[PDB]
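In what follows, a single structure is set out as structure tokens and then discussed.
Taken together, the values in this text are just the output of simple stated rules run on the coordinates, not laboratory data. Cβ: placed from backbone, ideal geometry, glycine included. Neighbour counts: every protein chain shown.
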Amino acid sequence: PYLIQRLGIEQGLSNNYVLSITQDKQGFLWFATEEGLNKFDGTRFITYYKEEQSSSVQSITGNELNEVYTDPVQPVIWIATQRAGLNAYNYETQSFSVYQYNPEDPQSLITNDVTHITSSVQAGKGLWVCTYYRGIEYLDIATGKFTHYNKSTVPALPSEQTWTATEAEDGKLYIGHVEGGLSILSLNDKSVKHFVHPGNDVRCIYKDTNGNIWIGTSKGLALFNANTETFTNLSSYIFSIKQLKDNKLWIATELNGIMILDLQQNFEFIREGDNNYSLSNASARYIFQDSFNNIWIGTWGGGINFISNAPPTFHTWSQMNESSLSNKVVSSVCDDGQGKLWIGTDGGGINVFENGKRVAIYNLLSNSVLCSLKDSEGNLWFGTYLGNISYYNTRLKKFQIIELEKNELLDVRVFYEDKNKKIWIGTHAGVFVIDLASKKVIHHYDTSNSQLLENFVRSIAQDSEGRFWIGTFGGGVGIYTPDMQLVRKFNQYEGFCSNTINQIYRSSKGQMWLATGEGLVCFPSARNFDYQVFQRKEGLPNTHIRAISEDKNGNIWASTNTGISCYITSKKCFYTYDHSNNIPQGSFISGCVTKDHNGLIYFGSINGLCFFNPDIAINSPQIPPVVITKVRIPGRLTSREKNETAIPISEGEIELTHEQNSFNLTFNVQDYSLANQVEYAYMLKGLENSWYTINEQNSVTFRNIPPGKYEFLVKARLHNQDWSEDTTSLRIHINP
């Protein structure tokens, strides 16, 4: 159901025990961990740690953090440390301010273990700060001074240990106590309605955008209305609840990862595991949705998990799942015109699928299903390895159907039905033509009794003039008239690109397409025998074509050794797709393709049955803006100083000294979905007035640049699109 990308140390994250997440007003995501503050730039994390001997710089005041929180109004990330007070990072000015306990006030913070932060009703007028030990603090950001709510000042309180607190009602403050149950405080009254037992350790209070009061406790989630003062209620620890754009309730549990309560049920889980569609740990801590709608997950041990805002365009079927293939390699697929797919495997039997669910497996003689055909009468033909035809009649039975005498065992690998209800059958032993209407066999062509070129038939298909194009193993293809007069043939040493021709395809436009060992070949008109070979040089890696289909429009799609590629007949060019787009990380199996009654296309591979749409629409992914995230001078080897100085970009420009005339700018794209699949190009006006690409990297380092004014321009683009007109710029002045 979901595709879950992972992020931790490999990406630079300081710690894998992630507890809180937000996004600053300039798009960057901040992560609070059990050791360090991390700001993710787009590819890599920047960690913030407590400073030591440096009563010079000021940083966070303690490494163990509880929460991060974006000020509604100001360019500030508020940081709740668990043992050192409240911290506040202004990302605009880039400096840390601190709020600690001071016995010399004490209109200062009462105790410096902060567990939660939220803004007041009219935002940025103040913020609420919960403590573990000594009650709730209210900071007036105007004065910079705390008012204390605890049982020294509100004797009506049942407890001063607090996890969260929010003004769920205008001037009613809802408090979750540390194993105390929840309290409601009317501020205008200083009276308390306190509930005990839901579960008693109340860890989260959440107001739905619809005004529903959700509550996360140690004994499960409960819905609340102060309307009637009653709860309503699999019952494990809950850490945070957020309703997403989906209008779905996403809840972070201690043992079962994530649950989702879909508000159009008038539950569903994402647990821990080790795969594309599972969490990296059983205890999820925090959930956060992007400005881009990406879902980010804080995991108590297993770093960050990330779910992209848009679904994968490509899918793959492959201890038994609902949709688990009973073998890892798919060698044939076949659509009966009734809504099921019979998937043939090279190890299991046939897995029949309907609506993404295995509905039957098949014991059939030999369980290496290498080819399949739906006949015009609507029955099904599967050829196996060293097993004859296993014929499935849609009168529920399946009979075996022999070929050679003493019922000899044949290596069948292609079935072709012609305009005339004959089925042509490619064998290692030549061709057999079997009459559909009645008698089971007409012809058997070979090296000895016909003009057939080789016996090892692999691939057979029909002309718009009705000639039979028969392909072989290692012998190319030959065109035969229906009486098996050789019309013309195509060899490697005759002139053709390849001898291993893998599939022959008549497109609906009437042209013939061949998947060869080294090119996708097209004969634009069967009144000619002219042909075009598409290879490396014309926008197609890799060159070894396995299977072909065609979409709603003109375009023909091909499976290859590396990916899936698409020939846009409109534009006269290629779209390539690769593991980057969620494709099975194998090579694809030759000829193994089928289409949906809905237009969906399926290619088989050594890694599952992969399937997709007409989401070349991938042009609609808008060109994403480039953000320049860091400039730093690369350090001289002199070997006395770590951390090589970073120059801050102020007014969209940068002043460097003569000394710092070498500099390296890094750039990112803020949507992490698109990180996977963006190429960058730069131009440095004032040095060279021309565009350069840069492969697999997001930083450029210029060295020993002469004094002057320059301007760095950098633009991105996605996998299948042209370079944008739009650029992002940085003006650069080098002094002497």
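For the listed peptides 372-380, 495-503, a ranking on the average number of other beta carbons within 10 Å per residue, highest first, reads 495-503, 372-380. Give a quick list of GluC sites (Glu not before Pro) in segment 458-560 that DSSP marks as loop, anything other than H, G, I, E or B, with at most 12 other Cβ atoms within 10 Å. Answer in residue order: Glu465, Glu494. What residue among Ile110, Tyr91, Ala284 has its Cα farthest toward the positive end of the dipole of the chain, where the charges are +1 on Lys, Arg and -1 on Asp, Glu, each on the Cβ? Farthest towards the positive end: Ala284. If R0 equals 30 Å, the separation of the Cβ atoms of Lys125 and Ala675 corresponds to a calculated FRET efficiency of about 0.20. Restricting the trypsin sites (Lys or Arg not before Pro) of segment 591-683 to loop positions (DSSP other than H, G, I, E, B) with no more than 11 neighbouring Cβ atoms within 10 Å leaves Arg636, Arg640, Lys642. The chymotrypsin sites (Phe, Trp or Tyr not before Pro) of segment 627-688 include none that meets both conditions, a loop assignment by DSSP and at most 16 other Cβ atoms within 10 Å of the site Cβ.
Simple rule: put +1 on each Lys or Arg Cβ and -1 on each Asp or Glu Cβ in the chain, find the dipole, and look at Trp342, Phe496, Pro482; the Cα lying farthest toward the positive end is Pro482.
Cross-link pairs exceeding 29 Å in C-alpha to C-alpha distance, out of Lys328/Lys374; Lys219/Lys245; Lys340/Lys422; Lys219/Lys242; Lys248/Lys328, comprise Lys248/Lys328.
Going 7 Å from the Cα of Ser366 in the Cα-to-Cβ direction, what parts of segment 390-419 have a backbone nitrogen less than 17 Å from that spot? Correct set: 390-391, 400-415. Let's test the formula: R0 of 51 Å, r as the Cβ-Cβ distance of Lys642 and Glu538. What FRET efficiency results, to the nearest 0.05? Calculated value: 0.55.
Here the dipole of the chain is about 1440 debye; that uses its Cα centre as origin and unit charges on the Cβ of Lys and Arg (positive) and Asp and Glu (negative).
Straight-line reach from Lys207: taking Cα to Cα under 17 Å and skipping same-chain neighbours fewer than 8 places apart, the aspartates and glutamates in range are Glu167, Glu169, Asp170, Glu229, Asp246, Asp262. When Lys685, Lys39 are arranged by Cβ crowding within 10 Å, least crowded first, meaning fewest neighbours, the order is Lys685, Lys39. Between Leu223 and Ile9, the modelled labels are 4.4 nm apart [label points 7 Å from Cα along Cα→Cβ].
Give the calculated FRET efficiency between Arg717 and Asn293 to the nearest 0.05, with a Förster radius of 22 Å applied to their Cβ-Cβ distance.
For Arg717 and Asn293, the calculated efficiency is 0.50.
For segment 616-736, what class follows from the C-alpha gyration tensor (a ≥ b ≥ c being the square roots of its eigenvalues): rounded when a/c is under 1.5, otherwise prolate if a/b is larger than b/c, else oblate? Prolate.
Zone of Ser508 (label point 7 Å along Cα→Cβ, backbone N under 15 Å): which residues in segment 541-558? Flagged as within label range: 549-557. Each part reduced to its alpha carbon centroid, segment 205-261 and segment 573-614 end up 40 Å apart. Of the residues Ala681, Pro706, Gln622, the one whose Cα sits farthest towards the positive end of the charge dipole of segment 616-736 is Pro706 (charges of +1 on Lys and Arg Cβ, -1 on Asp and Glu Cβ, taken about the Cα centre). Cross-linked pairs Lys125/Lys193; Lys145/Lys193; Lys397/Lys419; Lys145/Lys642; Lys571/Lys685: Cα-Cα separations exceed 30 Å for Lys145/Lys642; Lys571/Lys685.
Rounded to the nearest 20 debye, the dipole size of segment 478-564 about its Cα centre is 80 debye, using +1 on the Cβ of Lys and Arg and -1 on the Cβ of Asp and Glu.
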